[PDB]
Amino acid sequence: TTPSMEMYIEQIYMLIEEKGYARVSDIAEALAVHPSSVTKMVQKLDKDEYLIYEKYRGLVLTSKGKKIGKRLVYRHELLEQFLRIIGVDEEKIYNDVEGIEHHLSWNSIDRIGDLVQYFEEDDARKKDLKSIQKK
């Protein structure tokens, strides 16, 4: 895959999960791009077997597409949770996540998950961390 392919797979997965389908116009709306650009990427994703077109349902993810898709959403949400946990201003988070999500190895994602769990199981840790920043 590529960062762009992942940006699209993530968005398509989100729409199907939210609406039950992923229309070109909806994808174009979420990414602020022309539908023709969407169709070009969809053709590529079809060629690479991440999805297929079904007569009425339209765009449908293959098993490969759904598995990766769910993990891309996982990554995005974990990174948002990570930044939120360490005190980053809410207004900054989405921009930072989108800027780094496609450039962080899964090993790093794995370790970040352990870091988030670390603070999740004991608020005294979040308190000690917070005492460092305001200081």
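Throughout, we count residues from 1 along the sequence that is shown.
Mean CA temperature factor is higher for 45-53 when stretches 25-33 and 45-53 are set side by side in the entry.
For the pair 5-13 and 115-123, the mean Cα B-factor is higher in 115-123.
When the C-alpha B-factors of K40, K92, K67, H103 are ranked from the entry, the top spot goes to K40. When the modelled residues of the chain are ordered by C-alpha B-factor, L59 sits in the highest third.
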